[PDB]
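Below: one structure, written as structure tokens.
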2 protein chains.
Amino acid sequence: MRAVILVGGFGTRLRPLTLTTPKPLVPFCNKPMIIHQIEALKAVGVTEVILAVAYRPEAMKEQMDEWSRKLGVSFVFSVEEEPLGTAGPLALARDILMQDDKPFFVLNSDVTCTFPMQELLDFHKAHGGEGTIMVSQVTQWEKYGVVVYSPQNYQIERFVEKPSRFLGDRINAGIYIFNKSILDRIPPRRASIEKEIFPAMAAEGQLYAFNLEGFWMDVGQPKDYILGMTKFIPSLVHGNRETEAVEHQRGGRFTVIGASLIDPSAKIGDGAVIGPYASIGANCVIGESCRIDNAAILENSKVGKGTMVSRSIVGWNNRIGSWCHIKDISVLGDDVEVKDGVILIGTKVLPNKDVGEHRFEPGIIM
Amino acid sequence: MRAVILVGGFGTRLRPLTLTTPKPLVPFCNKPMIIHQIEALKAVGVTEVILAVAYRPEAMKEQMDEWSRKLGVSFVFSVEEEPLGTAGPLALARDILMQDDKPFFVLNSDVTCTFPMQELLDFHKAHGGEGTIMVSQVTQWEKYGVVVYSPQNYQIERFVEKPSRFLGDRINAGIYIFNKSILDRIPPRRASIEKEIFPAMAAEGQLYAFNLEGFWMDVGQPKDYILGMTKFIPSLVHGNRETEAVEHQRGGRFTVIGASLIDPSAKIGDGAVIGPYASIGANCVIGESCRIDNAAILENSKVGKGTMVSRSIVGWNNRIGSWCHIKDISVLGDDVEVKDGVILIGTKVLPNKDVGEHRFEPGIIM
Ligand SMILES: Nc1nc2c(ncn2[C@@H]2O[C@H](COP(=O)(O)OP(=O)(O)OP(=O)(O)O)[C@@H](O)[C@H]2O)c(=O)[nH]1
Ligand SMILES: Nc1nc2c(ncn2[C@@H]2O[C@H](COP(=O)(O)OP(=O)(O)OP(=O)(O)O)[C@@H](O)[C@H]2O)c(=O)[nH]1
Ligand SMILES: [Mg+2]
Ligand SMILES: [Mg+2]
């Protein structure tokens with residue numbers, strides 16, 4: 001059995017970070033998102049993964065996906081295309097899917113969860129998609145705006161965008177399983193599985209919902225990125241090698257106030273405070289008395305002594321000043337450098353910039 | 001004789017347009033900037049041009065520079081590198097320059113002028129650089145911040161940044177001519193010609209200034225892009241095939257208020273008003289009653305009927321609404337689509353966005 005991961009898309013909401021690498025390859029915790037999904041699929045037993053590459057065709061996806069050497073998994077990489085929407089890549093890859101009898105998985109590269117994939121053995125009871133429209137309970141379904149009306153029969157009546165009445169709380173979770181006959185329904189053109197194929201499947205009564213018991217988060221926005229990190233790190237602390245601690249003696253003496261993820265190659269200064277649900281990338285350097293409250297530090301980033309970055313993301317090769325505060329939901333680009341004493345309250349800095357001025361209001365640094 | 005054009009750099013000031021293509025390849029009027037410079041160099045008699053390619057090593061610069069088939073000129077493309085500053089590429093290309101007796105040109109991909117290149121035959125009077133630090137008279141030298149003190153002996157005393165006293169009005173013009181011995185001075189590392197090599201040359205007394213009689217503009221910024229286009233189009237109106245008109249009967253019946261540049265393949269509405277110093281790209285479609293006041297329309301961009309874009313730049317594959325107003329200095333990305341009735345007053349929109357809200361103040365749309 002094989003899977004198909006939608007690895008295209010421009011990453012508009014995660015723009016300051018996706019101007020350098022595609023959205024699937026943006027490191028979540030200490031690994032790319034697609035790597036988490038591929039690890040889950042391999043744990044299931046899927047050996048073949050089909051990547052629908054539109055953004056950065058060969059510059060980034062093919063080169064950086066050397067993980068095929070690891071993980072004992074192989075990627076087809078034969079869905080190179082122009083932008084064909086969410087559903088078009090399946091129409092393009094109908095040939096490589098071979099239209100075999102065995103169903104196939106479909107995933108978005110932006111969803112994080114416990115990945116309960118027992119929907120393979122389960123939900124085979126006469127479904128066009130074996131519980132394909134997997135749904136998660138969110139109390140904020142107004143702003144999410146994609147509500148799935150799943151009854152006890154699991155037959156999807158309709159899809160409602162921003163419904164006024166309390167039709168339901170379940171929302172789409174971005175994980176699907178399809179019988180290959182769906183390849184006949186999808187036309188060879190730009191289309192959206194969410195707004196074209198799925199309403200038709202719901203009308204025909206071949207669309208079935210799957211309830212998600214565990215946590216779920218679509219980490220495709222910086223705020224959702226931070227909150228998904230908070231939800232996810234506690235699950236992964238015992239999974240990996242990264243008292244109230246996860247990595248408490250990596251460099252000198254520093255304090256951890258809960259779950260975190262510090263790479264073995266990262267250097268942490270003396271008296272630093274790596275706070276709860278914080279990620280430190282490889283080869284990263286952290287100053288003496290830094291405070292990484294809820295921040296993600298990516299790759300070869302350097303943070304000076306006394307800096308406090310909280311609920312914020314910093315790019316791959318930053319050089320943060322000494323006594324800075326990067327607060328709120330602030331995202332830094334690939335090679336941003338911040339001078340000492342600069343305060344960034346939820347400001348997004350584009351790659352290859354130098355910041356030397358305080359910004360106390362949310363905004364964008366060109 | 002051979003030239004070296006510094007085609008690297010991240011294009012930070014032209015960021016909304018340089019997130020898709022490198023700064024040299026950003027179309028100025030109806031051609032890339034580097035193409036204007038290469039045409040001037042070919043008019044000189046220069047056959048070899050060496051491009052210092054750092055940004056987009058092979059994705060854009062090598063593929064898009066198919067102009068080598070045209071123009072009767074050849075480019076070396078042997079300076080692929082990591083970011084080495086403004087002076088380092090010369091050290092890297094020392095080997096391909098062969099250290100021959102003949103001098104060589106140096107140019108930036110951000111400058112537009114009449115290109116007086118008679119500085120080859122002139123200024124040979126015992127100069128390390130034959131009038132290498134070419135200077136132009138600008139009354140706004142304070143904000144430009146690079147003032148060159150050129151006396152009647154043309155020996156550069158010093159370089160002053162934001163001078164309080166009126167030392168001089170001449171500023172750097174970005175065109176240089178060096179004897180190959182300078183390759184010994186430049187170290188094989190990241191350096192800047194403007195802030196490392198040039199002060200040393202001025203102190204040594206081997207730096208000579210060349211005055212620029214004609215117009216000049218560093219068009220690396222959208223405001224400077226628009227103003228330099230205004231300065232430049234009157235020079236090029238008679239040069240190319242694009243009463244008080246330049247292209248007055250291309251599509252239907254429309255009015256031209258002055259100099260402009262309308263590509264032969266562009267269809268220009270019916271009753272539209274293509275204003276003074278306006279550029280319309282190839283395959284572009286213009287609505288019935290548009291007002292292209294001082295705007296540049298790039299490539300396959302479509303503009304609806306009644307839209308008024310003034311002193312603004314639209315991207316390559318835009319789809320502008322019908323009754324919009326894109327005023328002030330506004331820059332649109334590669335694939336921005338604007339809904340009908342939207343007003344953008346000097347707002348920079350990143351590529352692959354959809355604009356549906358009025359923005360009456362300068363800002364950035366992520
Ligand atoms: N292959 C491919 N996948 C896509 C495309 N557009 C979206 N996707 C997938 O859809 C999921 C989420 O969409 P993204 O493109 O990441 O998010 P976005 O950039 O805000 O754009 P949309 O969600 O499409 O409005 C991700 O799995 C994407 O990989 C596309 O044009 N081609
Ligand atoms: N090869 C190369 N050329 C550069 C580099 N940086 C600047 N240049 C050249 O210097 C000129 C103007 O600089 P740009 O980089 O375009 O402008 P910018 O992006 O605002 O950055 P700076 O002017 O360098 O501060 C252009 O000719 C560039 O090609 C570089 O790192 N490598
Ligand atoms: Mg998403
Ligand atoms: Mg410039």
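FYI, nothing fancy with the structure tokens labels: chains A, B, ... in order, residues from 1 per chain, ligands from 1 as they appear.
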If you take only C-alpha atoms and all ligand atoms and a cut-off of 12 Å, which residues of chain B touch ligand 1, and what are their nearest atom pairs and distances in Å to one decimal, in chain and number order, as CSV?
residue,atom,partner,partner_atom_place_in_ligand_line,distance
B:351,CA,ligand 1,19 (O),11.2
B:352,CA,ligand 1,19 (O),8.7
B:353,CA,ligand 1,19 (O),9.4
B:354,CA,ligand 1,25 (O),10.1
B:366,CA,ligand 1,20 (O),11.1
Could you please take those selected residues and save N, CA, C and O atoms as a compact mmCIF listing (two decimals), in the first residue's frame?
# COMPACT_ATOMS: atom_id res chain seq x y z
N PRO B 351 4.54 37.87 -3.56
CA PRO B 351 4.04 37.06 -4.68
C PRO B 351 2.98 36.06 -4.25
O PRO B 351 2.94 35.61 -3.10
N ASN B 352 2.11 35.71 -5.20
CA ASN B 352 1.10 34.67 -5.02
C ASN B 352 0.11 35.04 -3.91
O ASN B 352 -0.24 34.21 -3.07
N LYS B 353 -0.36 36.28 -3.92
CA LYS B 353 -1.36 36.76 -2.98
C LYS B 353 -2.64 37.13 -3.72
O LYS B 353 -2.65 37.35 -4.93
N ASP B 354 -3.73 37.20 -2.96
CA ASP B 354 -5.01 37.71 -3.43
C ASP B 354 -5.40 38.88 -2.55
O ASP B 354 -5.52 38.72 -1.33
N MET B 366 1.48 40.41 3.38
CA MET B 366 2.22 39.15 3.46
C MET B 366 1.55 38.07 2.63
O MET B 366 2.22 37.29 1.95
**Prompt:** Neighbours of ligand 3 within 7 Å, counting only C-alpha atoms and all ligand atoms, as a list in words?
**Reply:** residues 110, 111, 218, 219 and 220 of chain A
**Prompt:** DSSP says alpha helix (DSSP H) for which residues of range 141-332 of chain A? Put them as a PyMOL selection string?
**Reply:** chain A and resi 141-144+182-185+198-204+222-236
**Prompt:** Please, which residues have at least one atom within 10 Å of an atom of ligand 4, using only C-alpha atoms and all ligand atoms, listed as a list in words?
**Reply:** residues 9, 11, 13, 14, 23, 108, 109, 110, 111, 112, 173, 174, 217, 218, 219, 220, 221 and 224 of chain B
**Request:** Select residues of chain A: the criterion is any atom within 12 Å of an atom of chain B, counting only C-alpha atoms; output as a ChimeraX atom specification.
**Result:** /A:9-20,55-60,83,335-336,347-354,362-366
**Message:** If we count only C-alpha atoms and set the cut-off at 12 Å, which residues sit around residue 62 in chain B, ignoring sequence neighbours fewer than 3 positions away in its own chain? Please answer as an MDAnalysis selection string.
**Reply:** chainID B and resid 7 21:22 25 51:59 65:68 74:80
Prev. selection, C-alpha atoms, output as a short mmCIF file (atom, residue, chain, number, x, y, z; two decimals), in the first residue's frame:
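result32.cif, freshly written:
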data_model
loop_
_atom_site.label_atom_id
_atom_site.label_comp_id
_atom_site.auth_asym_id
_atom_site.auth_seq_id
_atom_site.Cartn_x
_atom_site.Cartn_y
_atom_site.Cartn_z
CA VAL B 7 24.93 40.25 -10.79
CA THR B 21 13.83 36.78 -10.23
CA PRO B 22 17.31 38.15 -9.47
CA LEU B 25 16.75 40.19 -14.52
CA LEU B 51 28.76 37.58 -14.38
CA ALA B 52 29.28 37.25 -10.62
CA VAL B 53 26.36 34.89 -9.99
CA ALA B 54 25.51 34.28 -6.33
CA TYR B 55 21.74 34.76 -6.03
CA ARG B 56 19.85 32.04 -7.93
CA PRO B 57 23.04 30.30 -9.15
CA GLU B 58 21.56 28.15 -11.93
CA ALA B 59 17.76 28.29 -11.50
CA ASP B 65 20.43 34.44 -19.97
CA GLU B 66 19.63 32.90 -23.33
CA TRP B 67 20.32 36.43 -24.60
CA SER B 68 23.83 35.10 -25.27
CA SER B 74 29.03 35.52 -24.68
CA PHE B 75 28.97 35.25 -20.88
CA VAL B 76 31.48 33.19 -18.92
CA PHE B 77 29.27 32.09 -15.97
CA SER B 78 32.32 31.00 -13.95
CA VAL B 79 31.71 33.02 -10.77
CA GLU B 80 29.13 30.79 -9.09
#
**Item:** Long-range neighbours of residue 326 in chain A as a PyMOL selection string, 9 Å cut-off, only C-alpha atoms, 5 positions minimum in chain
**Value:** chain A and resi 307-313+331+342-347
Prev. selection, C-alpha atoms, output as a compact mmCIF listing (two decimals), in the first residue's frame:
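The resulting selection34.txt:
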# COMPACT_ATOMS: atom_id res chain seq x y z
CA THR A 307 18.10 37.48 24.86
CA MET A 308 14.49 36.43 25.46
CA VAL A 309 12.61 34.92 22.51
CA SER A 310 9.11 33.75 23.45
CA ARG A 311 6.41 32.16 21.27
CA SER A 312 8.48 33.18 18.25
CA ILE A 313 10.26 31.43 15.38
CA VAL A 331 8.88 35.01 12.62
CA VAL A 342 16.26 45.44 19.72
CA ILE A 343 12.68 44.57 20.71
CA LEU A 344 10.49 42.83 18.12
CA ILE A 345 6.89 42.45 19.32
CA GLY A 346 5.38 40.03 16.81
CA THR A 347 7.13 41.34 13.69
**Request:** Find the residues near residue 119 in chain B: any atom within 12 Å, counting only C-alpha atoms, skip ones fewer than 3 places away on the same chain, and give them as a ChimeraX atom specification.
**Result:** /B:44,103-105,115-116,122-125,127,129-134,175-178,208-212
**Prompt:** In Å, how far is it from CA of residue 146 in chain A to CA of residue 222 in chain A?
**Reply:** 19.6 Å
**Prompt:** In Å, with one decimal, what is the gap from CA of residue 154 in chain A to CA of residue 206 in chain A?
**Reply:**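 Pair CA of residue 154 in chain A / CA of residue 206 in chain A returns 10.0 Å.
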**Request:** Please indicate the distance in Å from CA of residue 172 in chain B to CA of residue 96 in chain B, rounded to one decimal place.
**Result:**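 Distance between the two atoms: 26.9 Å.
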Within range 32-129 of chain B, find each residue whose DSSP state, derived from the backbone, is strand (DSSP E), and express the selection as a PDB file with N, CA, C and O atoms, in the first residue's frame.
ATOM      1  N   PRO B  32      15.465  43.472 -19.354  1.00  0.00           N
ATOM      2  CA  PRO B  32      16.217  43.388 -18.100  1.00  0.00           C
ATOM      3  C   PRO B  32      17.300  44.455 -18.027  1.00  0.00           C
ATOM      4  O   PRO B  32      17.835  44.904 -19.043  1.00  0.00           O
ATOM      5  N   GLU B  48      33.387  39.793 -24.164  1.00  0.00           N
ATOM      6  CA  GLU B  48      33.385  38.898 -23.013  1.00  0.00           C
ATOM      7  C   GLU B  48      32.839  39.636 -21.798  1.00  0.00           C
ATOM      8  O   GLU B  48      33.364  40.687 -21.411  1.00  0.00           O
ATOM      9  N   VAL B  49      31.786  39.081 -21.204  1.00  0.00           N
ATOM     10  CA  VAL B  49      31.185  39.604 -19.984  1.00  0.00           C
ATOM     11  C   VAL B  49      31.197  38.496 -18.944  1.00  0.00           C
ATOM     12  O   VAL B  49      30.780  37.367 -19.227  1.00  0.00           O
ATOM     13  N   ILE B  50      31.678  38.815 -17.748  1.00  0.00           N
ATOM     14  CA  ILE B  50      31.795  37.864 -16.651  1.00  0.00           C
ATOM     15  C   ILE B  50      30.767  38.246 -15.598  1.00  0.00           C
ATOM     16  O   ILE B  50      30.797  39.361 -15.063  1.00  0.00           O
ATOM     17  N   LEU B  51      29.861  37.322 -15.296  1.00  0.00           N
ATOM     18  CA  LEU B  51      28.759  37.579 -14.381  1.00  0.00           C
ATOM     19  C   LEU B  51      29.062  36.932 -13.036  1.00  0.00           C
ATOM     20  O   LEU B  51      29.319  35.725 -12.968  1.00  0.00           O
ATOM     21  N   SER B  74      28.918  36.752 -25.447  1.00  0.00           N
ATOM     22  CA  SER B  74      29.031  35.519 -24.681  1.00  0.00           C
ATOM     23  C   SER B  74      29.365  35.834 -23.230  1.00  0.00           C
ATOM     24  O   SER B  74      30.161  36.735 -22.948  1.00  0.00           O
ATOM     25  N   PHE B  75      28.755  35.086 -22.314  1.00  0.00           N
ATOM     26  CA  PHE B  75      28.969  35.253 -20.883  1.00  0.00           C
ATOM     27  C   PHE B  75      29.685  34.031 -20.325  1.00  0.00           C
ATOM     28  O   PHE B  75      29.401  32.897 -20.725  1.00  0.00           O
ATOM     29  N   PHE B 104      39.944  46.085 -17.616  1.00  0.00           N
ATOM     30  CA  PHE B 104      38.626  45.473 -17.692  1.00  0.00           C
ATOM     31  C   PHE B 104      37.593  46.379 -17.039  1.00  0.00           C
ATOM     32  O   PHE B 104      37.903  47.150 -16.125  1.00  0.00           O
ATOM     33  N   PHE B 105      36.357  46.268 -17.511  1.00  0.00           N
ATOM     34  CA  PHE B 105      35.253  47.049 -16.974  1.00  0.00           C
ATOM     35  C   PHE B 105      34.633  46.349 -15.771  1.00  0.00           C
ATOM     36  O   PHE B 105      34.720  45.132 -15.617  1.00  0.00           O
ATOM     37  N   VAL B 106      33.980  47.138 -14.922  1.00  0.00           N
ATOM     38  CA  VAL B 106      33.207  46.633 -13.792  1.00  0.00           C
ATOM     39  C   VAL B 106      31.909  47.422 -13.733  1.00  0.00           C
ATOM     40  O   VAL B 106      31.919  48.649 -13.852  1.00  0.00           O
ATOM     41  N   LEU B 107      30.789  46.725 -13.569  1.00  0.00           N
ATOM     42  CA  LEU B 107      29.496  47.392 -13.561  1.00  0.00           C
ATOM     43  C   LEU B 107      28.593  46.785 -12.500  1.00  0.00           C
ATOM     44  O   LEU B 107      28.751  45.626 -12.109  1.00  0.00           O
ATOM     45  N   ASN B 108      27.658  47.601 -12.021  1.00  0.00           N
ATOM     46  CA  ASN B 108      26.559  47.140 -11.191  1.00  0.00           C
ATOM     47  C   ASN B 108      25.304  47.004 -12.041  1.00  0.00           C
ATOM     48  O   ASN B 108      25.107  47.742 -13.009  1.00  0.00           O
ATOM     49  N   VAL B 111      22.279  50.361 -12.152  1.00  0.00           N
ATOM     50  CA  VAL B 111      22.500  51.722 -12.622  1.00  0.00           C
ATOM     51  C   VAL B 111      21.998  51.850 -14.053  1.00  0.00           C
ATOM     52  O   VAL B 111      22.194  50.950 -14.877  1.00  0.00           O
ATOM     53  N   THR B 112      21.328  52.964 -14.336  1.00  0.00           N
ATOM     54  CA  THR B 112      20.906  53.312 -15.683  1.00  0.00           C
ATOM     55  C   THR B 112      21.380  54.725 -15.993  1.00  0.00           C
ATOM     56  O   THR B 112      21.357  55.602 -15.124  1.00  0.00           O
ATOM     57  N   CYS B 113      21.835  54.930 -17.222  1.00  0.00           N
ATOM     58  CA  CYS B 113      22.360  56.220 -17.655  1.00  0.00           C
ATOM     59  C   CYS B 113      22.497  56.184 -19.171  1.00  0.00           C
ATOM     60  O   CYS B 113      22.109  55.212 -19.826  1.00  0.00           O
TER      61      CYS B 113
END
**Message:** Counting only C-alpha atoms and all ligand atoms, which residue out of B:250, B:31, B:185, B:195 sits closest to ligand 2?
**Reply:**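 Looking only at the distances to ligand 2, the closest residue turns out to be B:195.
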**Asked** When distances are computed from only C-alpha atoms and all ligand atoms, which of B:148, B:1, B:233, B:26 shows the smallest separation from ligand 2?
**Response**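 Going through B:148, B:1, B:233, B:26 one by one, the smallest distance to ligand 2 is for B:26.
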